[PDB]
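First up is the structure itself, then whatever we jot down about it.
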Amino acid sequence: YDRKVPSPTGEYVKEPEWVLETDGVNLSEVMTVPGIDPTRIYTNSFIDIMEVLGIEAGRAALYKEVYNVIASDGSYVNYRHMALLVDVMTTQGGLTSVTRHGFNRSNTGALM
Amino acid sequence: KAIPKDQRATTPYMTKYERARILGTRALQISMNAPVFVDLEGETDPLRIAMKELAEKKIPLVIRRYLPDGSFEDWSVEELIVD
Amino acid sequence: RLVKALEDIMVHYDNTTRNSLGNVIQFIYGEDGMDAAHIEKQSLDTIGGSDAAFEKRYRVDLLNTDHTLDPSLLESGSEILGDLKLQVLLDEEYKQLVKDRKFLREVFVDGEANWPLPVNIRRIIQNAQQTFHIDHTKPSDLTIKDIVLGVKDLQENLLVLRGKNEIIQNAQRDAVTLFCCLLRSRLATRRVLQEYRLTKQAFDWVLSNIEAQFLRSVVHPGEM
Amino acid sequence: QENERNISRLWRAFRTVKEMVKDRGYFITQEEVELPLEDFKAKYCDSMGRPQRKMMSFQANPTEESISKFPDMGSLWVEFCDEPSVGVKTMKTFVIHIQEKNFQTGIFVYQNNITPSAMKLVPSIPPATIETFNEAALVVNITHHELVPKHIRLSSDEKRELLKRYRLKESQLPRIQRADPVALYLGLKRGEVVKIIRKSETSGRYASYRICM
């Protein structure tokens, strides 16, 4: 994978590096192993990021997951809308489902 | 509970919703034989007369902006900077 | 599911996105307070370019011959050279641009300079040059204190929150930091005296247009 | 072999402990955290090679700024354990030791697991608390990750000022669970507001305010 890193000449330079793609998931164990950066690691399952790295990491990871499908479709959506959506799913702590069990199980008025 | 004039911390600019409802209510009053404060240039449509009064700030109204805590402010449409 | 999921969410008359029950989702709509109908893709001139181009552009020396100022650019160029005060102001502006470059290095780690931001400065500059008949080989009547103090006085005029407390001004500065960095990047002494060759009425007109369009790019409270 | 690797993991975990206590507001110098592995092995390891976690237990003292901001903040006592399964008697020695030394808070680190009776014998001395952390969980500091922004624990006056300027109730703020490894990292309690400084890509510096459950 090419990585844009700043050169001491004032502009970024693509510097390829070997990166390990992985099938299956186990974040906690992999993080503790010596020989890798414990400060860098990603998971396609945002749930594990929430559990291990906490609520803020769960938020950012959720935003990345949503943004990914958008960019994959070949479409552009403004930052505002996605940010609002992500925030709503995280304002009660943890991850909140968008379901009929995800906002009809919390008070908003009986009619709503 | 009516915030005083020295503590009004809302936007002094008139929004599109405030201009819309001011032109709609003012035009509705003009359609119902309201005293016009501006000399007409030959207009017949009430909305054009309402916009003519808004262009010179002769509309005698004041907006009660509701705050989320239950309070409100009184920003007269004459002191509101349009556009 | 999306429509019925996001419905009772709006922005009240305090520039804070909160639902009907009062639960605050975002303290500022879009984390900037700008509507999605006045944002245009802009380029950040602070991170773009090499170090030799950065120091070649943002250094206007008066007591040194490394990055000296060409006196033929402005009418009073023979009197600007040798001034210590304007050189100190250029030092403060240059240090501010360097701090903005480190900040942009920490914010955007991918290296991209194109990001959506309000207010198009290029169209204002072109409208000023085509309006005031600003052509090449024309000495300008501006100085260093007019551009530096003009930008510094324009940075205080940018207002999104109408408060006066500590947290309100902190959120205002943290919500205007990037745009102020863009204005400090596009509004340099070398970029105006060398390339643009703007005059007094043209520069003041550009300032009034930037402040005006910034006051029109604010999101309106009450929009769903 | 396995001994040197366990010494390395215990050294990185101990460094994470010093970083966590330093982030709480206790006086630990930078050179004390940046202590190399050879010195740690040259201090807390016997002639045979096995580390001594009983000697690694130390005391933490709050900084002057932490006392100036939080006048009710007291000292801390950090202990470890050489037993794989922490018994109830060791926890009794820890609680009685805290009660004798009169510490406001306490941190006990275990290796594998602790008996449920000890976990039940934790909220026994109010208003003092005891933080039980795992040795395998504190190997990597979660605050040094890129997806984790900066958190600052506020006070009571700043909380009332925030709720007064924003005109909010305590329930109207975004809530954060106690089970958060960040909340356990900072040692948050019920009714404490924290500030989250994050680097957004549309404003440069975005601030948020959360409150524990």
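Things worth noting here:
- C:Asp91 versus D:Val33: modelled label distance in nm, points set 7 Å from Cα along the beta carbon direction: 3.4 nm
- For the stretch D:1-140: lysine pairs under 20 Å (alpha-carbon distance), excluding those fewer than 8 apart on one chain: 13
- For the segment D:174-185, counting C-beta atoms of other chains within 10 Å of every residue's C-beta and taking the mean gives 5.
- Beta bridges per DSSP with both ends in chain D, % antiparallel, nearest 5: 50 percent
- Kirkwood hydrodynamic radius of the stretch D:41-81, from inverse mean 1/r over distinct Cα pairs, in Å: 12.3 Å
- Dipole magnitude (debye, nearest 20) for the stretch D:1-140, charges at Cβ of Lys, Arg, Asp, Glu: 420 debye
- Model label sites at D:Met55 and D:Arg178, defined 7 Å from Cα along the beta-carbon direction, differ in position by 3.7 nm.
- For the protein assembly as shown, with +1 on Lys and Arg beta carbons and -1 on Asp and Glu, the positive-most of A:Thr39, C:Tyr58, B:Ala2 along the dipole: B:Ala2
- Cα-projected label distance for B:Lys58 with B:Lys16, points at 7 Å along beta-carbon direction, nm: 2.8 nm
- Radius 13 Å from Cβ of C:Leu215, net charge of other residues (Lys, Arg +1; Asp, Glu -1): -1
- Straight-distance candidates among the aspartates and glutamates for linking to C:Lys41, with alpha-carbon spacing under 20 Å and chain neighbours fewer than 8 residues away dropped: C:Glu31, C:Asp32, C:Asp100, C:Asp110, C:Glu112, C:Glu211, D:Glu201.
- Ordering of D:171-177, D:9-15 by burial proxy (mean other Cβ atoms within 10 Å per residue, highest first): D:9-15, D:171-177
- Taking every DSSP helix (H) stretch of at least 4 residues in chain A, weighting each as -39,500 (n - 2.57) and dividing the sum by the residue count yields a mean residue ellipticity at 222 nm of -11000 deg cm²/dmol.
- The A:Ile36 and A:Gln92 beta-carbon pair, evaluated with R₀ = 30 Å, returns a calculated FRET efficiency of approximately 0.35.
- Mean Cβ count within 10 Å, highest first, over the residues of peptides D:38-44, C:132-138: D:38-44, C:132-138
- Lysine pairs with alpha-carbon atoms under 21 Å apart, the stretch D:141-213, spacing 8 or more or separate chains: 10
- Helix axis angle, C:144-157 relative to chain C longest principal axis, alpha carbon, degrees: 10 degrees
- Compactness check for chain A: Cα Rg over 2.2 N^0.38 Å is 1.38.
- Across peptide B:67-78, the average count of Cβ atoms from other chains found within 10 Å of a residue's Cβ is 2.
- FRET efficiency estimate (nearest 0.05) - Cβ-Cβ, A:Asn107 to B:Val82, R0 45 angstrom: 0.65
- Full extension of the chain between D:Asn112 and D:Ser47 gives 20.9 nm of extra length, using 0.36 nm per residue less the Cα-Cα distance.
- Rounded to 10°, Cα long-axis angle of helix C:84-107 versus longest principal axis of chain C: 40 degrees
- Straight-distance candidates among the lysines for linking to C:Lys145, with alpha-carbon spacing under 23 Å and chain neighbours fewer than 8 residues away dropped: C:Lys56, C:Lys85, C:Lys95, C:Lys99, C:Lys200.
- Shielding score for C:7-16, defined as the mean number of other chain Cβ atoms within 10 Å: 4
Read the figures in this text as sums done on the coordinates, not as results from a lab. Every residue, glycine as well, gets a Cβ built from its backbone with ideal geometry; the counts of neighbours run over all protein chains shown.
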